[PDB]
Structure formats: structure tokens, C-alpha cells
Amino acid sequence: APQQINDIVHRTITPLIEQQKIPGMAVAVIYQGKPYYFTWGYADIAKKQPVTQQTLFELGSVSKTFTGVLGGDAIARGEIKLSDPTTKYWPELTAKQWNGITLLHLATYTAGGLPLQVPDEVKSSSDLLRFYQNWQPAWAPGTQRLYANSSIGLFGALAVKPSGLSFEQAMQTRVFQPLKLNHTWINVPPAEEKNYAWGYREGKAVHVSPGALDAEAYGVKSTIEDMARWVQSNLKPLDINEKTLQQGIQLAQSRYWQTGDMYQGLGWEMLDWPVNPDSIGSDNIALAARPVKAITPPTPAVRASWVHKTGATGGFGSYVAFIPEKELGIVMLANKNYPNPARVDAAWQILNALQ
């Protein structure tokens, strides 16, 4: 645990925790490929349980990176193609607006304005079909990016259909297990509840509630140890033994679309490194519709990139960022949803300092 790392981490995180009034937090810094952990505060204020390297946090939208990689793996296995129309894996979507909408559009939020959230009233599989059949796109496919859980969420569900596995089974078997993410869950088992931190919203302890396409869009819970391991896997996919998974991780980091200085991958988002934090630039804007330029054909993962993803649930705030070229990365998990810009600022300050 190099004093340089200790020092920048503490000098950056302490002020952050105090300004944002965050109950508990865990940070991991990947340096020259090795992880270093830090923890503060409480996982459960009422029961005075401290945050540890085994505390599980709700990852929120950071879960989409797992989804993008599982999708990438399915492509590598020849089970699906990003150029395939959505209807190929859901024949019941007969509504004409779906014609030129492909799995690529779904995965990158470019289908034409799919909504940010699947409505609460959508429960059953039947309800989901009705929702997508009735949705009227605001734009032609491939012209604008509008971040949406209902978009990559459908991608995840369809991507695992030829496999015959449930999304959760495919994820556990093809991603979690092979990477030894043995304390990463879509559904927390009773035996692990002891380590599940509570999120805090306006002072109340809360956990994410069930929702349609939740697993695919924002339902993963994980530890700071497994997330550091997830970052390492994405920093150096070449060390991964499972071939389709290695390929899948690389596909998730390809640049499919460009908007401003940002590039859209599968789950992950990227910017060329070096980059100043002002450029990242990625926050909320309850919704920002942005025109996109197609990258034809997509650029393979660029090593000199700042690769990242933010995430939140009602009671948790998370962030992951890494730079392949420098074998550097960071994971910040907190049980309070706080401003995205404060996350990016903290991470940048730490990584820029270390390399």
C-alpha cells in the first residue's frame, strides 16, 4: 500500500465524504495491475455495521457494463449479431416501428427514443410486449442517443435467448464464475444478507425494489473486492482464459457512436485519454437527447482511453473508471446517491495523480 496511493486517496475521499454526507464508502484503486482497498463509515447505521471489503453495494447502472460484456460474449459465441434486427429474437414485436431497429441500437440507446424507465405498471412478460409494441419512436434509428434502461435492458434479455439460459443464469455462468466474482449477485442470497449494506435516501434505509428488466439495467450488487477484480478483467482482457469472454470484453469497449468527446461502447462509455474532468461532462439533465455520428465500422478498444460508467439507485451511488494504457483504475461505492460530477472529480484527481 504505497504511501502515495494512501495519501491521494484519503486527501480526496475524506473531503468528499464530508461534503456529501455519505454514510459509508469503499474505494479500490488498481495500480500497475494490483488492487488497494479503502473503507469508511457504515454499511448499516442502525446496527453500527462498518463498511468492509466484503460489504455488498447496489451498483445501479454500473450493472450495464456486465450486461454489455455478457452481450459481447454472446456475439463472440456466434449466438447473436449486433447487426441483427430486434425482431429476429422477438417475433412477437410485429409493430412496424421496429423494422430497422437492431440489437446494436438497443445496446447503445440509439433505437429512436426508448424511455428512460420501463413503467412501474409493466410486470408480466405480456406487459412488456405491450409496452414495446405501443412505444412510438421520436426519431429514426441510429440518429440520436437517449440513455435508457428500457433500451439496454431489452438488449440484455434478447441477447441471452438463443443460449436457452435465463439472464441471471447466463450472467452467473458466463461472466461471474469464470472471473471469480463470487460475491457479485443479481439476487442476494439469504446467507449473504449479513453483508448487504443499506442505501440511505433522505436519512431512510432503503434497498432497490423489483422492476421489469431490473437485472439487465441496474440490479447487480457487489463487493469492493469483486469490483476491483471486474476492473482488472476489463483493463487486461488478454489474461482471461475463456475465449468468448475475452472477446466479449473487447467488444464492449469498441466505439460504436460518437457524441461530443464521448464514445458509446456496450455498457461502458469512453473518452480519449488524456482528458480534463470538465470534459467528463457526463451527469444529470433528467434527460439529454444528443445526435450521434456512427463510427463505421466501430473502432476496436483504444488503450489510451478513460473508460467509465456511473450508477445510482435510490439509496446508492457508484462509479468505475479505468485507463488501459496505464493499467490504472478506480472503483467508488457509496450507500448514498450523490452528485455524479463529485464522483468524476474525485476519481480524476486520484488517477491523474497516480499516472
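So that the term is clear: the rigid core is the largest set of C-alpha atoms that superpose within 1.5 Å between two forms. The numbering used is simple: start at 1 and walk along the sequence shown.
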**Asked** Do the Cα atoms of 269 to 277 stray more than those of 162 to 170 in 9 other deposited structures of this protein, or is it the other way round, with the core held fixed?
**Response** 269 to 277
**Message:** Across the other PDB entries of this protein that model residues on both sides of residue 282, is it left without coordinates in at least a third of them?
**Reply:** yes
**Item:** Residues with no coordinates between residue 128 and residue 129, taken from the deposited sequence as a class
**Value:** none
**Item:** Interval residue 284-residue 285, deposited residues with no coordinates in the entry (none, 1 to 3, 4 to 9, 10 or more)
**Value:** 1 to 3
**Item:** Between 137 to 145 and 222 to 230 (mean CA B-factor, as deposited), the higher
**Value:** 137 to 145
**Prompt:** So which stretch wins on mean C-alpha B-factor, 317 to 325 or 286 to 294?
**Reply:** 286 to 294
**Asked** When you compare the CA B-factors of 66, 38, 57, 31 as listed in the entry, which one comes out on top?
**Response** 31
**Asked** Which one of 83, 276, 250, 151 shows the top CA temperature factor in the record?
**Response** 276
**Asked** Lowest, middle or highest third: where is residue 307 by Cα B-factor in its chain?
**Response** lowest
**Asked** If you rank the chain by CA B-factor, which third does residue 334 end up in: lowest, middle or highest?
**Response** lowest
**Prompt:** Of the three thirds of its chain by CA temperature factor, lowest, middle or highest, which one includes residue 22?
**Reply:** middle
**Prompt:** Looking at the C-alpha B-factor of residue 269, is it in the lowest, middle or highest third of its chain?
**Reply:** lowest
**Request:** Check where residue 245 lands among this chain's C-alpha B-factors and tell me if it's the lowest, middle or highest third.
**Result:** middle
